[PDB]
Amino acid sequence: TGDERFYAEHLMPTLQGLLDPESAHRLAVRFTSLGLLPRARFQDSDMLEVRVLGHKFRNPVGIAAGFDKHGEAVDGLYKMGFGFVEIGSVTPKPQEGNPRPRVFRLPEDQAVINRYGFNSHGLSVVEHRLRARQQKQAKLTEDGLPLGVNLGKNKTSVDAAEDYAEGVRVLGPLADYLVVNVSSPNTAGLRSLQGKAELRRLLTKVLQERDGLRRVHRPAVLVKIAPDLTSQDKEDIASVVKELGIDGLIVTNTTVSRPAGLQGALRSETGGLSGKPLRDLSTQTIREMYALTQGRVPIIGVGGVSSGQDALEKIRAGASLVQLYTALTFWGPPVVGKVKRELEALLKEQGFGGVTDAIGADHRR
Ligand SMILES: Cc1cc2nc3c(=O)[nH]c(=O)nc-3n(C[C@H](O)[C@H](O)[C@H](O)COP(=O)(O)O)c2cc1C
Ligand SMILES: Cc1ncsc1C(=O)Nc1ccc2ccccc2c1
Ligand SMILES: O=C(O)c1cc(=O)[nH]c(=O)[nH]1
């Protein structure tokens, strides 16, 4: 479309040249929350529909956690064309996160580095925000547009498990799925929660709290993992997931690695790297986790998706759903319709009746 090219060539670079990344993001969140968006043209066909996690998803393309940290733009995000929305990460108490600047663009690499450190309005503010539209969400969900809530922990928290348990109790009843985020590179000691003993202990507590919720308010529980795990870590995670009956995995968060070939002046900034240089590392992690869980644990694939091909590669590798964030930073809102339209065309070209037929197809070759 001409809208794609206008945003890609004119609008986004001009926004970029004018505002630093954090300011541009705040403005984007504001515009989104007010529905100030280019025409919602693409109509989802039935072949994009997916049933997973106890829900119908009208299309498999979602917005990744981090864009709407505080639950302010949910409805604007559905209007943008996402088949599902994930907000967060949300920490139990409000906290400011790291000192600025804490987000950096690498235009030459179509990548972003961020070290926000879980800036969050906190559970109580997000709870009230979600309660104010709770019944509208219930209809959205019924209509195939579910809501996920991603949980973090406070910087000064002594007991990580209790932070997550609080999140489950407070936001669990408002969510179609919860995400236990143990893969942020920007909170000290957080990623060590991916280790086998700590993870089993953490998730047992999380699942107990979840199971104590009334039935209609009882979300699926997913774990979001890093792209930088050893083979040992991945095998352990797969084992804990199957031992405890975890409902799904989100694969993956940003990388602390700096792949060879990065050109951006800011490539050596501390933080998690997202976007294009993350893409295949993410796709390969999905492929491994799908195999280790025997295709029985739903995976949401995320990391450097900016096209239908990117989405389909993750789906064929084993993802039932995909998410994007960074692509929006460079292509703007038209990227959502673009990904969906290309995905549908590729599914037809490759002989799939629909998205469901494509999930894990690479493993059956
Ligand atoms: C600026 C920024 C903030 C993010 N904040 C969160 C977060 O709070 N919680 C989380 O689980 N992931 C967070 N992420 C990670 C994304 O959800 C996603 O896993 C990652 O960026 C890879 O996807 P992408 O290449 O499409 O951006 C953040 C990513 C970025 C770029
Ligand atoms: C201000 C405005 N008026 C009509 S469309 C429009 C607009 O393009 N808004 C934007 C512009 C850029 C965006 C980038 C990411 C997410 C949402 C975004 C919304
Ligand atoms: O808040 C952060 O800085 C943040 C959290 C997370 O999960 N992933 C990320 O890249 N950054």
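Just so you know, all these numbers are worked out from the coordinates, no wet-lab data involved. Positions of Cβ are backbone-derived with ideal geometry, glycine not excepted, and every protein chain shown enters the neighbour counts.
With both bridge residues required to lie in the chain, what share of the DSSP beta bridges run antiparallel, to the nearest 5%? Kindly include the intermediate steps, with their values, before the conclusion.
Details: 13 of 41 bridges.
Around 30 percent antiparallel, to the nearest 5.
Could you check which residue among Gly81, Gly275, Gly54 shows the biggest mean-square fluctuation in a GNM of the chain with a 10 Å Cα cutoff?
Ranking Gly81, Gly275, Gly54 by mean-square fluctuation puts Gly54 first.
Quote to one decimal, in nm, the extra length available between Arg215 and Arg201 on full extension: 0.36 nm per residue of separation minus the C-alpha distance between them.
Details: separation 14, 0.36 × 14 = 5.04 nm, distance 2.38 nm.
Contour length minus the Cα-Cα distance gives 2.7 nm.
Among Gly2, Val240, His55, whose Cα projects farthest towards the positive end of the dipole of the chain, with charges put on the beta-carbon of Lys, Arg (+1) and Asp, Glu (-1)?
Sorting the options by dipole projection puts first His55.
Looking at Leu147, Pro298, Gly83, which one has the Cα that reaches farthest to the positive end of the dipole of the chain (charges on Cβ: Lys, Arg +1; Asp, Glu -1)?
So the residue furthest toward the plus end is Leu147.
Stretched out fully, how many nm does the piece from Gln309 to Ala260 gain, at 0.36 nm a residue minus the Cα gap? Could you put the intermediate results ahead of the total?
Details: separation 49, 0.36 × 49 = 17.64 nm, distance 2.32 nm.
Here the segment from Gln309 to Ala260 would lengthen by 15.3 nm.
Would you mind pulling out the separation of the Cα centroids of the stretch 187-265 and the stretch 22-80, in Å?
Here the two parts' Cα centres lie 24 Å apart.
How big is the convex hull of the Cα atoms of the chain, per residue, in Å³? Kindly include the intermediate steps, with their values, before the conclusion.
Values: hull volume 46.2 nm³, N = 365.
Spread over its residues, the Cα hull of the chain gives 127 Å³ apiece.
Tell me, what are the semi-axes, in whole angstrom and largest first, of the equivalent ellipsoid of the stretch 269-345 as set by the roots of 5 times the Cα gyration tensor eigenvalues?
Values: eigenvalues 89, 56, 14 Å².
Semi-axes, largest first: 21, 17, 8 Å.
Report, as a whole number in µm² per second, the diffusion coefficient that Stokes-Einstein gives for the stretch 3-156 at 37 °C and 0.692 mPa s using the Kirkwood radius over alpha carbon pairs. Spell out each step's value before the answer.
Values: Rh = 16.9 Å.
The estimated diffusion coefficient comes to 194 µm²/s.
Running a GNM on the chain with Cα contacts under 10 Å, which residue among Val125, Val158, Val112 ends up with the highest mean-square fluctuation?
The residue that fluctuates most here is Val158.
Using the Cα atoms of the stretch 218-365, I'd like the radius of gyration and the largest Cα-Cα distance, Dmax, both in angstrom.
Over the stretch 218-365's Cα set, Rg and Dmax evaluate to 15.6, 46 Å.
First check a/c for the stretch 124-189, with a ≥ b ≥ c the square roots of the eigenvalues of its C-alpha gyration tensor; if it is under 1.5, answer rounded, and if not, answer prolate when a/b is larger than b/c or oblate otherwise.
On the way: a/c = 2.88, a/b = 2.05, b/c = 1.40.
Note, shape of the stretch 124-189 comes out prolate.
With only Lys, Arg, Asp and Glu charged, each at its Cβ (+1 for the first two, -1 for the last two), find how big the charge dipole of the chain is about the Cα centre; round to the nearest 20 debye.
Working: 49 positive and 42 negative charges, 99 e Å.
In debye, rounded to 20, the chain gives about 480.
Kindly give Rg over Rh for the stretch 49-116, based on alpha-carbon atoms, with the Kirkwood expression for the hydrodynamic radius. If you can, show how the numbers build up before the last one.
On the way: Rg = 15.0 Å, Rh = 14.2 Å.
With Rh from the inverse mean 1/r over Cα pairs, Rg/Rh is 1.05.
Out of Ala188, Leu213, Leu27, whose Cα points farthest toward the positive end of the dipole of the chain (charges: +1 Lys, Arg; -1 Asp, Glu; placed on Cβ)?
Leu213
Tell me, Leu207, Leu36, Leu193, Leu324 in order of fewest to most beta-carbon neighbours within 10 Å? Walk me through the numbers before you get to the answer.
Working: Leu207 17, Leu36 12, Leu193 21, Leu324 27.
Going from least to most buried by this count: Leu36, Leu207, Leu193, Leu324.
What nm distance separates the two modelled labels at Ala361 and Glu96, each placed 7 Å from Cα along Cα→Cβ?
That separation, rounded to one decimal, is 5.1 nm.
Determine, for each peptide in 84-90, 227-233, the mean count of other beta carbons within 10 angstrom over its residues, then list the peptides with the highest first. Don't jump to the answer; show the numbers that get you there.
Values: 84-90: 27.4, 227-233: 15.7.
My ranking of the peptides, most packed first, is 84-90, 227-233.
Compute the signed sum of charges (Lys and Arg +1, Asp and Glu -1) over the other residues within less than 13 Å, Cβ to Cβ, of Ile286.
Numbers: positive: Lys224, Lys234, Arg279, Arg287, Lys314, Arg316; negative: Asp280, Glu288, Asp310, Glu313, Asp362.
Taking every other residue near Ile286 into account, the sum is +1.
Mind jotting down the three principal axis lengths of the stretch 221-282 based on Cα atoms? Whole angstrom, largest first.
The principal-axis extents, from largest down, are 45, 22, 20 Å.
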